[PDB]
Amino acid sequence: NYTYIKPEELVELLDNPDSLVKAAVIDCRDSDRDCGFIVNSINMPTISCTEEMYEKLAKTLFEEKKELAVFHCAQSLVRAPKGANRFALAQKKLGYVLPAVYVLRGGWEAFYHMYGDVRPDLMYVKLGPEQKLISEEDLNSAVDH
């Protein structure tokens, strides 16, 4: 079980001081994660996560007092909704209902289409030899001579 949250509502959570400590962004992508991601997102590849990994995350997000868990993948058509069903079912087996579970409508592709050119502080990539994290804002600053 999950319901959908739009890219703008997700930006609103991420921009709120309190809300953000109450949110987890669960990235369900696999080799396509390195296209770009939200910072702080947790990678749960739908193609490889096992039952016990979802259980462990349910308990960890419960203990961190998360109230929303926002699943996305590339299009949020197949991988994110499947990871959101497994996660909800893990929660129900363990007896939790928080965090509540959402699927980011249209996934990273829609999110990046809408905000990539206007909110580069939200978008991260791994750059270089050591695969170091950096925002597209800081990458943009660094390119601008």
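In this text, residue numbers run from 1 along the sequence as written.
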{"property": "77-85 versus 91-99 - which carries the larger mean C-alpha B factor in the record", "result": "91-99"}
{"property": "Given 100-108 and 44-52, the range whose Cα B-factors average higher in the PDB entry", "result": "44-52"}
{"property": "Where the record places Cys35 (Cα B-factor, split into thirds across the chain)", "result": "highest"}
{"property": "For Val118, the third of its chain into which the C-alpha B factor falls", "result": "highest"}
